[PDB]
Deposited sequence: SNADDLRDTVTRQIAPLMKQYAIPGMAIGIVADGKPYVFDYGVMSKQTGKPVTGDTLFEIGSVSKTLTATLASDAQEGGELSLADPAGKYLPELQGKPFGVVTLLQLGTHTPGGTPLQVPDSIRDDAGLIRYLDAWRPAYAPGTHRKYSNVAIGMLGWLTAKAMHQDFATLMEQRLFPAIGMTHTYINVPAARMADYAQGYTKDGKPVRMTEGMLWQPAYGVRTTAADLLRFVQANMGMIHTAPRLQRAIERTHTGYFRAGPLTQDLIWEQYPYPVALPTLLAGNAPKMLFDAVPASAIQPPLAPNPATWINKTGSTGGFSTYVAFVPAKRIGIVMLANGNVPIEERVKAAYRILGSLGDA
């Protein structure tokens, strides 16, 4: 099994790492609910240390799936409503265009366009949208950056504390960090730009909610299992996790959940390519609200991409089929090439 399974992965990942010169990758597979992690290559070109079970990768915007889960949990406990306006938690913004943006619009990339906290409030005050809220989908770290900020306000806690002392241990993610600890800096892989220059993360404002997660393939895989209800999460978090699969908007070929993005399953490859295409990532796509929102639906392909300066991430799973993939690379891999490999690999199962 693991032999056949590893061969299936290797036939995709080895040429990928070859053509794009990725020093290392960690691949997580759920095959009929069984998890597997397959490590390839090295953590750092200067130290040649190999990718192992504890190697940390930056997952970029896949971080936002965990932020969305936290916000969904707050909603489940009555601490917030996704329909709440930002101005509810930032009273100064009442009267300002951003004060009416809802938490839902931040978690769906539809708010209407895009140092210290006083300056952040200064930035949000002067912010003038290009579109009315909830009508156009436009990828942005300010939207989900603010989703995590506002959820922490509602939950009466520091953001990073909520992630490391609440969410991560409740999934049993024991090698997942917003702030990587000193004893763990040795596990942190080195990223590499498209040139080959080594790089790790620059931490702007709202850096933790939007892209602050470093993690292992095993831990991200366990999250994927939790998103298919497989690992005995407590009832409030389990409901919270499933509710992030609610379908809120159509945007071209893509359906926008809370941060997650989904497609009907079975899914044709052109559907995934079009939904993960650069046009989705950079343009302001008209987004039509789904009324009533789609209930979470096991017969879907649910995925999310992540890209930092030095790392490439992809996550995709099908709850009805009980399969999923996690791909972590410490180099730059074209999004559509992550998509194609996942589609071929998962099609093998």
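Note: segments 1, 116-123, 359-361 of the deposited sequence have no C-alpha coordinates in the structure.
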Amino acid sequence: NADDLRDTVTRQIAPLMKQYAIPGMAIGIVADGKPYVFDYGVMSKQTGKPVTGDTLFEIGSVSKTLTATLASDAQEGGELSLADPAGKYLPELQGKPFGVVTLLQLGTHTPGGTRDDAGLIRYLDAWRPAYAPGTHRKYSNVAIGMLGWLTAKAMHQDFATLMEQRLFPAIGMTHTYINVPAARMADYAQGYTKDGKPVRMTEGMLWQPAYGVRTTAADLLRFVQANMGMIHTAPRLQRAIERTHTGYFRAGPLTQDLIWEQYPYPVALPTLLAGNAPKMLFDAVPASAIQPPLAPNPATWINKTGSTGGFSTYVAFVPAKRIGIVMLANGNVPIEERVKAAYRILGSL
From here on, numbers count along this sequence of modelled residues.
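As the entry records it, the average C-alpha temperature factor is higher for 13-21, out of 331-339 and 13-21. Once the C-alpha B-factors are averaged per stretch, 136-144 and 253-261 rank with 136-144 first.
Of the candidates 153, 214, 236, 232, the one whose C-alpha carries the top B factor in the deposited record is 232. Among 293, 310, 33, 286, the highest C-alpha B-factor in the deposited entry belongs to 33.
Residue-level temperature factors show residue 123 in the highest third of its chain, judged at the C-alpha atom.
Per the deposited record, the Cα B-factor of residue 89 falls in the middle third when ranked against the other modelled residues of its chain. In the deposited entry, the Cα temperature factor of residue 43 sits in the top third of values across the chain's modelled residues. Residue 193: CA B factor lies in the highest third for its chain, per the PDB record. Annotation for residue 60: CA B-factor lies in the middle third of the chain's modelled residues.
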